[PDB]
């Protein structure tokens, strides 16, 4: 049952964080590497579970032509490594059924939100930035769900970034994002 996978991910890979931009869900992917929504704009340090943590390095991810993907990769000065979940990230972006959004912020503590089908949306204007590889679910997402992890059928497929009051939008994850070979 999928709540099993979602729980595992919540406890081993998902952290509450705070930046100067607000409260977000962060996904640790492997080693000291984590992913956030670009608009969290992490600086030199970040609150992770109410402890101050140094960011060694941060990169705003782009597609081949330099278009925004609305994701930032951070290298954290943490003591222990995240369980490697890269094998749960698909190589290519595909639609999925029966997805759950796994969220954990001060505004939205540990919650599992069934969002249904997640499908490729593509081009989005995000606060005036052209953005590629977005996906959509027919769920009215709200304040404090950003960084929320989209999971379906043992797969980690997106990071929640926005909503229009009716639908919710995530930045797709691909395995190649955590790997220099792809």
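Residue numbers count along the first chain shown, from 1.
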Stretch with the greater mean C-alpha B-factor as recorded in the entry, comparing 68-76 against 106-114: 106-114
Higher-scoring stretch by recorded Cα B factor average, 97-105 or 78-86: 78-86
Selection from 128, 37, 148, 140 [criterion: highest C-alpha temperature factor in the record]: 128
Candidate set 61, 152, 135, 27 [ranked by C-alpha B-factor, highest]: 152
Residue 119 by Cα B-factor - lowest, middle or highest third of the modelled chain: lowest
Assigned third (lowest, middle, highest) for the C-alpha B factor of residue 13: highest
